[PDB]
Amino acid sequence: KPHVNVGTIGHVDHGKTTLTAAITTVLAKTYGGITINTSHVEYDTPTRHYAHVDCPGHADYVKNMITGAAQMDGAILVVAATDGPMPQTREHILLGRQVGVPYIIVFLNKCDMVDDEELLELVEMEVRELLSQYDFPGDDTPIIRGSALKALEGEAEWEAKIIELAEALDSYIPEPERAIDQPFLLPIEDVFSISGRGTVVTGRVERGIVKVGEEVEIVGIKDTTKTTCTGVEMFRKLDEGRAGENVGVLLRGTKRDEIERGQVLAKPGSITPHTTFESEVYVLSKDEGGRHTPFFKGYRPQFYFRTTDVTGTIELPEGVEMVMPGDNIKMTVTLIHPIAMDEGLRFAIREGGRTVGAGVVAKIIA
């Protein structure tokens, strides 16, 4: 069955842990470095298998969304009807946009505590306005009015709202693109000359398929060039290399001195090089073995993108003067040379190979 990665987000005390348990309980009855703190559960509807991540606190949601083990195919925003939207409601929607969470469904929780239908519609309208503020489609967003606690306790009218939520997961969250179905991309690691064959470049194929005879672009670091794949070897047992495989790709004519580590091989026109991008960055705390002191607009660390690192300079948002350990911030980075990147690409910030930060490319500038 199709595998979908989801997770709960929202303000502390709004009911993310309770909802996580209610979903597991009801679906079983009905259909039966950086420190990463997570709760992991799996559950099934008739057509799909879900892997669900919840986190204990705000800082953990920030780290999961920016560098967690699984990319969320969709998020369940939990909003308590009693408080309405709160600061981490807003912060988690914003972070969802910045890190590329593609869909959000809302579970309006604690509706057992709110008798007033006008009050429920008022909270729903505030949530849709907030979703639309951050470029989610607030008017089309599924909003389920429920009680995680009364569903976990076995009340039929509230268990029905959990079923309604799972029906929205199935209908509203599409399966992501499989890596094998995306445009070919190989992050280049080693570069060899083989006598009377030519230049071989190695790496693990990230996306797609490369076949003997296909044109490839060499993208990043230096101006983009093009060549032809004249052979493909797979490391561990017509010729081709597939997403997830370690391969050696033989190139026509390209010399050792015309291709390097940290460039990519890609389907021509599928990916572009950039120096300048907006990002969301988590700065490691002192307890995670990161920086002890804040940094300012001058800071010049190394950015680690796939198989290489590149120096760059940062700009901070309007009215922000410094960035403290453990903070997350929007920063505009200018790398000393271009790197192949799309929105959603993860990177590390390092100081002599101590990790000090984790980022996601939010928006490419020019």
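Don't overthink the numbering: it's just position in the shown sequence, from 1.
- According to the record, 10 or more deposited residues between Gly32 and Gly33 are left without atomic coordinates.
- Coordinates are lacking for 1 to 3 deposited residues between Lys237 and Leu238.
- The deposited model assigns a higher average Cα B-factor to 351 to 359 than to the other stretch when 10 to 18 and 351 to 359 are compared.
- Taking the PDB entry as given, 309 to 317 carries the higher mean Cα B factor of the two stretches 309 to 317 and 55 to 63.
- Across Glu159, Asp181, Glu118, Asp170, the greatest Cα temperature factor reported in the deposited entry is at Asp181.
- Taking the PDB entry at face value, the top CA B factor among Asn109, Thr225, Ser285, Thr202 belongs to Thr225.
- Ranked against the other modelled residues of its chain, the C-alpha B-factor of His337 as given in the entry falls in the highest third.
- In this PDB entry, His40 carries a Cα temperature factor that places it within the lowest third of its chain's modelled residues.
- Ranked against the other modelled residues of its chain, the C-alpha B-factor of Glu278 as given in the entry falls in the middle third.
- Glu153: CA B factor lies in the highest third for its chain, per the PDB record.
- Per the deposited record, the Cα B-factor of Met324 falls in the middle third when ranked against the other modelled residues of its chain.
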